[PDB]
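**Student:** Protein chains in written order, with the authors' numbering: chain R, 1 to 117, 125 to 242; chain S, 3 to 233; chain Z, 1 to 222; chain O, 1 to 250; chain a, 1 to 233; chain Y, 1 to 211; chain P, 1 to 244; chain Q, 1 to 240.
We put the beta carbon where it would ideally sit given N, CA and C, even for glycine.
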Amino acid sequence: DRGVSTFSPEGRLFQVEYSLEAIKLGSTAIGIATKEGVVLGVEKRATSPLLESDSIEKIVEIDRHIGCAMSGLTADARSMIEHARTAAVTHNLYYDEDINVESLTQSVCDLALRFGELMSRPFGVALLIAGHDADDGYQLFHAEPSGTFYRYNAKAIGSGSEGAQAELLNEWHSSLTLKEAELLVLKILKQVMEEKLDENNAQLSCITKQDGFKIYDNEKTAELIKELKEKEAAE
Amino acid sequence: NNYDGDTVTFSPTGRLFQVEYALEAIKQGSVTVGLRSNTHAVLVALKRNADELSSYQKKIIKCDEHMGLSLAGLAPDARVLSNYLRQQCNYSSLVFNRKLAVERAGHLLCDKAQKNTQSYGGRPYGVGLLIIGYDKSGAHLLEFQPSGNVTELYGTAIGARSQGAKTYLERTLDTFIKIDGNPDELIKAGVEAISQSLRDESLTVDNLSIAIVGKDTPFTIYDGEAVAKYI
Amino acid sequence: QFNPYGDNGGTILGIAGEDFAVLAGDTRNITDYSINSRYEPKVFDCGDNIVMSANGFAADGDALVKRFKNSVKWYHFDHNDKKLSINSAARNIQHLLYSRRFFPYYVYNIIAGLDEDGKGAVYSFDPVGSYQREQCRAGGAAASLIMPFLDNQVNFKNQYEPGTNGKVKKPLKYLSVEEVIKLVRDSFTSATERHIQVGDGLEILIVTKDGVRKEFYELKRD
Amino acid sequence: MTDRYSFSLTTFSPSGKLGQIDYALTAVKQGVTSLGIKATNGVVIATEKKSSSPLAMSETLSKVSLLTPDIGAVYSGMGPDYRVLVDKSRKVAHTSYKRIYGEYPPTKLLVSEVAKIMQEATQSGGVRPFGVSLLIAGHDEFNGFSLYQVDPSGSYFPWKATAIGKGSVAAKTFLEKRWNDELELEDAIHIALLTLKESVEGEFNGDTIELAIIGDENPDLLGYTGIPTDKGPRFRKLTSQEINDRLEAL
Amino acid sequence: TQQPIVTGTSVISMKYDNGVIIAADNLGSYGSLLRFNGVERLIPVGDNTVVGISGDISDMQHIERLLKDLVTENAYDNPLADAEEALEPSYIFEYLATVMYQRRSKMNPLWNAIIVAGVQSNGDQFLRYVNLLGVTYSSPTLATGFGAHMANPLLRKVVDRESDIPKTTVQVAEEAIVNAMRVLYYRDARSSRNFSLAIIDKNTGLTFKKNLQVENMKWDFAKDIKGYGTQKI
Amino acid sequence: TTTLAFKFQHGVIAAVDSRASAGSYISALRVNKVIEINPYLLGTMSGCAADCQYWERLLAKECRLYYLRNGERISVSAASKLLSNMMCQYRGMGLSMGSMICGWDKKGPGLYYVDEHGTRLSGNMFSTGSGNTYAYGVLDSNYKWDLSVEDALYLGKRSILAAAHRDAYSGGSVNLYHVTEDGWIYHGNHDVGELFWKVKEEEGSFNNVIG
Amino acid sequence: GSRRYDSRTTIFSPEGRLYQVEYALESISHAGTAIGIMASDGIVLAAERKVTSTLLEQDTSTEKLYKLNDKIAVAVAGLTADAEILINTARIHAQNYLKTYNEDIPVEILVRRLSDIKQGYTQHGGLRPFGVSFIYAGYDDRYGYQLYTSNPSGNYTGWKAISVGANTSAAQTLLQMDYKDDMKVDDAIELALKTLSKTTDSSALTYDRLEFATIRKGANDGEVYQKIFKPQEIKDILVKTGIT
Amino acid sequence: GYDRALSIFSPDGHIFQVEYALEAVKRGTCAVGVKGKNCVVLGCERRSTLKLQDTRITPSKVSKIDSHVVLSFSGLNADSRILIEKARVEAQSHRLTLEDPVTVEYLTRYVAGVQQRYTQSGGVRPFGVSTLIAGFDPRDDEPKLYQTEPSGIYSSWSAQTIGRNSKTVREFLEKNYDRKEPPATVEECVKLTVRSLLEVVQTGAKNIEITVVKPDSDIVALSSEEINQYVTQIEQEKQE
Ligand SMILES: [Mg+2]
Ligand SMILES: [Mg+2]
């Protein structure tokens, strides 16, 4: 056939480029970073009404100060999360402190290109890693299967990503509040989702310095959705 | 064509296409410039962002107090190679109480890259490196290609549109080599060199990355408002 | 039979002030009844405003210091040039020591610096990795000669206020760097008189927010 | 380096055929004819010494080989494959039997060990099957005289008499007409020589024919005296003269 | 773990104003047997370093080969092997000290006591000790074995501290070293009269002196010594 | 050294001395012999301080990872078991560890003794160290399940004092901890020298000692 | 490198089938038919040797029926050499169990073990599967008399009566027609031979083309006896049942 | 060792080996899981192409992983045994190291992890198996039902079906299963499970297996006659 670590004539790794196509088929995940916190939101996308939607876990805690959202082949994310949690806790063991968000992200991205003929293929999932540390404040990173990670003020991944990213391009500014970010994620999720957005098929979360990483209750999110509907009807 | 499926295969004309494709990844990468005098050596790098919300990808990596490099191509491969350099620099210090010569560092990088071009299963590195350093024989600038070829130069550039900066340095050769004991003027020449590779975009405060090493100057990277002075 | 361990003598002393810290140690290196060197530095600046001394078997002490200095270097590389706090350094050293739990570094180690609130800090280690923060700690050969004196003159132990007759303790007033250095010098001058492995010279490293400063004093050479 | 062929080179085709085994059998078919006949008091195995050149000393090339003192082997197909199988068969008779039980293995079990080796070359990674069919003749106390065929697949069958290689189809028909359950060893040798003449084109004599027997114990070939229970090997290779003597009574 | 078989006794050394001096006798003892009389225990590395070794001779010969290989390896792909990137005393010492400590940490030591004497690129004197335990120390005077007990006291009378080094000439330093070697010959039962002496000076380079002998010895007073107390004859 | 811990109506008390000796020489007057694994788990320490510190801080890592994976706080039984299984790996190697794992989980307050042998015992009361026999005497004669938090704290405090007085290798100061379902609560450092005279006067005990 | 020559023996087809397993089953369909019939008082194993010769030494020959231990036997369909590898492994497993628990291995446990080995070759290793299908006839004190089959996929199932090898479609229909639950060994013996006689590709069914075995509690009192039939005994039972 | 990357991405971002493993599941006999208010029922299809089968000894479709958790599947039978064995070992390993039995979710997560591992490890192919894992957590009376598939994804279901014609029985369950009021009793839960299989099965004879799992390690498999009574009652109500 051909090597798994083969370069194309254009100078790209075939397998890495193909894994990016798998991520495009994944459900939408959006992250928005503010000076009051970073918000993470995901489309759950249940394949059937009999599937209990609260068992869909596409937003995950890595540490008290770091959260993570996923898009693509979500089964691949489990070992990445396990490594991230181990790296975060191990650093606390060695250094009696919280680990930097960038250092955590870099540790996850080191796994990415460990494939060949190590694992047999790249990961088929992209991660939005959000967190806070004392040195660089609130941060949002986009970790890819290429091993590359970009920091973002706001980022969307998944099937509705380019439409959402264009929307995030217009909406984001450096003075956003946490509440404004929450509604903004909900607004853009509602725009790109196939089914009508509600508290059962969409999930919110955030990371603040005080309270750390928190996944939002369906009751809490439902109120924010109702608040969104009213403010859009307000003009 | 039929001979580019893996790195272990020569073409009928004696070419290694996988290595050439890895070389192509460097050409897609953002421009970075290297140049030196007899007292200092300078790296200048144009960082690239994903979009307006994103950060600008870091291009320069410190290897020791007296050595470091800039990258163009696959960033993770630069991290692997720079980590290797950090270890080798460190082995020399711990075992021999000796700072690693820049020329020897180049020889080590050449040999590491070479092993990936002759064996089955692996792939060539998809990144180019510009290594600067100051050792017992003064200032140095190296250009690394993932073919294994390492070259000691007065100045150079790699990445997209790097030919413009390279021609400029070829003209300015006699001038910038003489900039001794003046770090700011040497950086200026590097910033002017990398400017010959720009189109549509210009050098902004979070776009530009500069590093310097010299006689009484540890390897230090300048980003953010620290490079506004040179814009 | 080959004995991989040895005893190079020496004595060290770390005292934590209110906004400073000192780590002192004699410069004499010995084996048995012979002097190897009258000036062989034992306390080192490891960077990030941290000073360190591994007293006991010099070969293991030099190896541990060398490794910790290396751990500082890689902490910078791995975590975006972040400053290594004294408490993080202490925890890291625990793991360096316990990696040899079954073939230990035969050294009693002390580090000194400032905590993240700017206050003086001293951490003390045993050969196998147990550690804890302290205000005052003497280590090495003449540790037993010095510590009782420091309990008395630094923490005012067994000292009460005249007139009360044991009812009111002497209040724990803070000491200046000049006061601490006097106690350090008198500690080593006294140790030098009654301990044969202590002498030749005394080197003190003082740590403040401004950085690391050194002071050297002669001791008796007999 | 490293052997990176850790996958099977013999695989089932859509029709259920194991190609490499079939092709190994084709190589055996091209090989020189060899045969075996079992008598009441012995077994004979025989083949043609197809000399590649007249300058070659064909005595130095042994197609019929002693495996144990009471077991012998002959082949058809690829000679080098046979030679290494004989080396392995001799060794396995010691390692997996004699060093355990203090005696040589019975014919059927040594055949079983050889068969296993050949089967493994049909399934293990990065190897082709052996391109030989073996005829193994032997004797042991509890089973008596026996003759076995072993194919490239590792399958083995016991025979009263059989032939393999070039003219096996014609030779097996010839043996069917002549064989009975009352043959003496000398009768089997006579039939072997008759059968073998049909497949031989050129010279037919003791120097161009290789023939051995499993028969009576040979105390003259033991090499020592003093132990009553040790009576000598039952395997014996016939000399060039001994073959020619029987070709006059042919 | 082993035991030393063929051994070399004291190595002595000291710093002076423009360089260092190092000396060691030419004997290879086999217990109390003075077996080998032509053993060179001072091994020069280039033109700026001399490594003096005591203890096990088979291990000394091994170290000698490591140093020889070090010079070969340093020259590889090194245009400045005879200039800026030549081996320094500090490089050579640190390498040996790394090896010695690693070997003791595997419980298979090189049964030696080593003194590396030399002059650095910048003209600084280098003098440092390392032994089978990986223990290192530096001093204006350094000596191994018996030399530590008898030579150091004499050499320290010349250079008692760092400030005495600039005041000490090569003639005074060599004289002190030569006297110390005589004292060791009087008092060390595993010493020989023949020795080697090396001077590494920042101006005059490496001067290696072979086939030296202890001379000007005092023995005449022995004729008057009779008995062990009461005997007069 | 003297450490104890016991279960009672409103949780578990944990009390320890503070002395460390190198032969007859008192190397430390103030070591922390309680390890704050996490906000709901405590570990006392006897034996080698390094083994206790290292393996129990590593236990905290495992307990935190457990909570992240399962989204639920680890039990005292499971935590104590993880620790005992670490010990069994270095079984025979020479580790020295004797600690009480104290906590509050679903089954209520919990207390497990764990040592280097791999022993793991559930119980209402434990005491380890060179002065444990003295502490057991005070505990056994005054312990009830019906104890108030105030009286229980004093009991553990008084039991350490008993050991500190008689045992030469126990003393310095007393560290108290109270473990609730909302987490552990630190109840201070108490100098034995000052505590002895205080208790002697108020309680009338230690008549034989002149004060 | 080596990848070029890799057939990839352990992959799914687009339809979700294992190529090599399917092709191994195709191979087995050309092997001599083997039949197993379970009765209330024992089990019968009957099998057809493939186009034999008159010069084949039948009385010392074994290509179909093998003994695993005193309580369990197997009938083989496919590559005989492949079968012997598995058979020896099964014999060792039975003895391992006996050594460990001091009890004879239950039939299913042995069957599961061999079937797991077959399975492994279809999922990992990159080797061709064993081209073998087994019929297991055995007895233990839990389930009594048991028949199982396993094929190259590593899948195994229990049966009252079953065939493997050639003409299993025709054979299974004939067995399904005449089999009853209250059947006895002597009746099962007859059914097996009658089924082979009708499904055989040969002109006539004779003793030299058959291997036969029974597992009976027809052993003196509460115990089980395995009987591998001799050539003369197969000739007698053929006359008794009225086939020759 | 054999290290060949069998599960790899294609240009369109698909891992065909994982997708072809799902086709093996599609071929497998139908399995269904329905959780009531105080129980979970696992129904399984038995294809009647195989008669003369010995049902005493033939591997049953539902397997106990522990005394309180069960596992059924659709797909390759041989593959499922490996997952079952691993699950059973992990269940005992958990009891031994943590002193509590596994939760149903934990056991599911483990099995799903094994399946995932076999989609990006060298030299191995994915499991051609989807599983339904059901039971009750220790000292808990809330029913649990999970599903896993070759890719390694898993999720909780009020009711779910896998295997051949699972599209049809899922269609039935989606219109017949009410979340606000799940089958209140064991009877209602079993009845709904049998009804769902009768949409696909053929004959309601020995083709339907039913296993009821109740809290506190109360697991029982229904017999032919017990199931036959459900089959009888369903069609008699249907004749109207
Ligand atoms: Mg003194
Ligand atoms: Mg006491």
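(1) For the 8 Å Cβ check, are there 3 or more pairs between the stretch 103-110 of chain S and the stretch 135-154 of chain R?
(2) Could you please go through the chain and list the residues whose beta-carbon is closer than 6 Å to any non-hydrogen atom of ligand 2?
(3) If we cut at 8 Å on Cβ distances, does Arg64 of chain Y have a partner in chain R?
(4) Is the shortest distance between the beta-carbon of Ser139 of chain S and the beta-carbons of chain a less than 8 Å?
(5) Taking all protein chains shown into account, do 16 or more other C-beta atoms lie within 10 angstroms of the C-beta of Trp219 of chain a, making it buried, or fewer, making it exposed?
(6) On the DSSP bridge list, what partners appear for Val12 of chain Y?
(7) Can you tell me whether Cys65 of chain S is buried or exposed? The criterion is at least 16 other CB atoms within 10 Å of its CB, across all chains shown.
(8) How many angstroms separate the CA atom of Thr55 of chain Q from the CA atom of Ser48 of chain Q?
(9) Using only CA atoms, which one of R:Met200, R:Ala150, R:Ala112 and R:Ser19 lies nearest to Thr28 of chain R?
(10) In whole angstroms, what is the alpha-carbon distance linking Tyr121 of chain P and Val124 of chain Q?
(11) Indicate whether the contact test is met: 3 or more Cβ pairs, each with one atom in the stretch 210-219 of chain O and one in the stretch 233-243 of chain O, closer than 8 Å.
(12) Taking C-beta pairs closer than 8 Å, name the residues in chain S that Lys162 of chain R reaches, listed in chain order.
(13) Can you grab the Cα-Cα spacing for the pair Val111 of chain O / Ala93 of chain O, in whole Å?
(14) Quick one: grab the DSSP three-state call for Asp113 of chain S.
(15) Return the first residue and the last residue of the beta strand (DSSP E) that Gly19 of chain a is part of.
(16) So is the beta-carbon of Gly199 of chain Z under 7 Å away from any non-hydrogen atom of ligand 1?
(17) Taking the alpha carbon of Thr2 of chain Y as the point to measure from, which residue in Y:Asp17, Y:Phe206 and Y:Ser27 has its own alpha carbon closest?
(18) Looking at chain Q, is there any beta carbon in it that lies within less than 8 Å of the beta carbon of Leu174 of chain P?
(19) Closest to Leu71 of chain Q by CA distance: which of Q:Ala31, Q:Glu142 and Q:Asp218 is it?
(20) Using only CA atoms, which one of R:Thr90, R:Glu52 and R:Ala137 lies nearest to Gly41 of chain R?
(21) Would a check of beta-carbon distances place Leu247 of chain O closer than 8 Å to chain P?
(22) To the nearest angstrom, how far is it from the Cα of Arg4 of chain P to the Cα of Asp1 of chain R?
(23) Hey, how far is the Cα of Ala77 of chain P from the Cα of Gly75 of chain S?
(24) Hey, is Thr192 of chain Z close to ligand 1, as in C-beta under 7 Å from one of its heavy atoms?
(25) How far does the beta strand (DSSP E) with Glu48 of chain O in it reach, from first residue to last?
(26) Let me see if you follow: with CB-CB separation under 8 Å, is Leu22 of chain Q close to chain R or not?
(27) Does the distance from the C-beta atom of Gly37 of chain R to that of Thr215 of chain R stay below 8 Å?
(28) From the beta carbon of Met126 of chain R, is the nearest beta carbon of chain Q less than 8 Å away?
(29) Compute the Euclidean distance between the alpha carbons of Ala78 of chain Y and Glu99 of chain Q, then round it to the nearest angstrom.
**Tutor:** Looking at the atomic coordinates:
(1) no
(2) Y:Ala164, Y:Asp167, Y:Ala168, Y:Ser170 and Y:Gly171
(3) Locating residue 64 of chain Y in the sixth sequence gives position 64, counting from the first residue. Cβ-Cβ to chain R under 8 Å: yes for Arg64 of chain Y.
(4) Here residue 139 of chain S is taken as the residue at index 137 of the second sequence, counted from 1. With 8 Å as the cut-off, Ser139 of chain S counts as an interface residue toward chain a.
(5) Taking the fifth sequence and counting its residues from 1, the one referred to as residue 219 of chain a is at position 219. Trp219 of chain a should be labelled exposed.
(6) The sequence position of residue 12 of chain Y within the sixth sequence is 12, counting from 1. Paired residue(s): Y:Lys7 and Y:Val179.
(7) Locating residue 65 of chain S in the second sequence gives position 63, where the first residue counts as 1. Counting Cβ neighbours within 10 Å, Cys65 of chain S comes out buried, since at least 16 surround it.
(8) Counted from its first residue, the eighth sequence places residue 55 of chain Q at position 55. Counted from its first residue, the eighth sequence places residue 48 of chain Q at position 48. Using only the alpha carbons, I get a separation of about 12 Å.
(9) As a first step, residue 28 of chain R is located in the first sequence; it is residue number 28 there, counting from the start. Selected option, being the one with the closest Cα: R:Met200.
(10) Within the seventh sequence, residue 121 of chain P is the residue found at index 121, counting from 1. Within the eighth sequence, residue 124 of chain Q is the residue found at index 124, counting from 1. Taking the straight line joining both Cα atoms gives about 10 Å.
(11) yes
(12) Here residue 162 of chain R refers to the residue found at position 155 of the first sequence. Neighbours of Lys162 of chain R on chain S, chain order: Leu55 and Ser56.
(13) Reading the fourth sequence from its first residue, position 111 is the one you call residue 111 of chain O. Reading the fourth sequence from its first residue, position 93 is the one you call residue 93 of chain O. Those two C-alpha atoms are separated by around 10 Å.
(14) For this step, residue 113 of chain S is matched to residue 111 along the second sequence. The answer is helix: DSSP assigns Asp113 of chain S an H, G or I state.
(15) Position 19 of the fifth sequence, counting from 1, holds the residue named residue 19 of chain a. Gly19 to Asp25 is the span of the beta strand (DSSP E), which, as asked, contains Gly19 of chain a.
(16) For this step, residue 199 of chain Z is matched to residue 199 along the third sequence. Yes, ligand 1 has a heavy atom inside 7 Å of this Cβ.
(17) To locate residue 2 of chain Y, count along the sixth sequence from 1; it is residue 2. Of the candidates Y:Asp17, Y:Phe206 and Y:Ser27, the one whose C-alpha sits nearest the C-alpha of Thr2 of chain Y is Y:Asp17.
(18) Residue numbering aside, residue 174 of chain P sits at position 174 when the seventh sequence is read from its first letter. Cβ-Cβ to chain Q under 8 Å: no for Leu174 of chain P.
(19) Numbered from its first residue, the eighth sequence carries residue 71 of chain Q at position 71. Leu71 of chain Q has its Cα closest to that of Q:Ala31, out of Q:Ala31, Q:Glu142 and Q:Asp218.
(20) Position 41 of the first sequence, counted from the first residue, corresponds to residue 41 of chain R. Considering only alpha carbons, the answer is R:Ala137.
(21) Within the fourth sequence, numbered from 1, the residue matching residue 247 of chain O stands at position 247. False, the Cβ-Cβ gap to chain P never drops below 8 Å.
(22) In the seventh sequence, residue 4 of chain P corresponds to position 4, counting from 1. In the first sequence, residue 1 of chain R corresponds to position 1, counting from 1. Roughly 7 Å between the two C-alpha positions.
(23) The residue given as residue 77 of chain P occupies position 77 in the seventh sequence. The residue given as residue 75 of chain S occupies position 73 in the second sequence. Taking the straight line from one Cα to the other gives about 59 Å.
(24) Here residue 192 of chain Z refers to the residue found at position 192 of the third sequence. Because some heavy atom of ligand 1 lies under 7 Å away, the Cβ of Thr192 of chain Z counts as near it: yes.
(25) Here residue 48 of chain O refers to the residue found at position 48 of the fourth sequence. Start and end: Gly42 to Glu48.
(26) Working through the eighth sequence from its first residue, we reach residue 22 of chain Q at position 22. No, because no Cβ of chain R sits closer than 8 Å to the Cβ of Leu22 of chain Q.
(27) The residue you call residue 37 of chain R lines up with position 37 of the first sequence. The residue you call residue 215 of chain R lines up with position 208 of the first sequence. In contact: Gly37 of chain R and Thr215 of chain R (Cβ atoms closer than 8 Å).
(28) Stepping through the first sequence from its first residue, residue 126 of chain R is reached at position 119. True, the Cβ-Cβ gap to chain Q drops below 8 Å.
(29) As a first step, residue 78 of chain Y must be located in the sixth sequence, where it is residue number 78. As a first step, residue 99 of chain Q must be located in the eighth sequence, where it is residue number 99. Taking the straight line from one Cα to the other gives about 6 Å.
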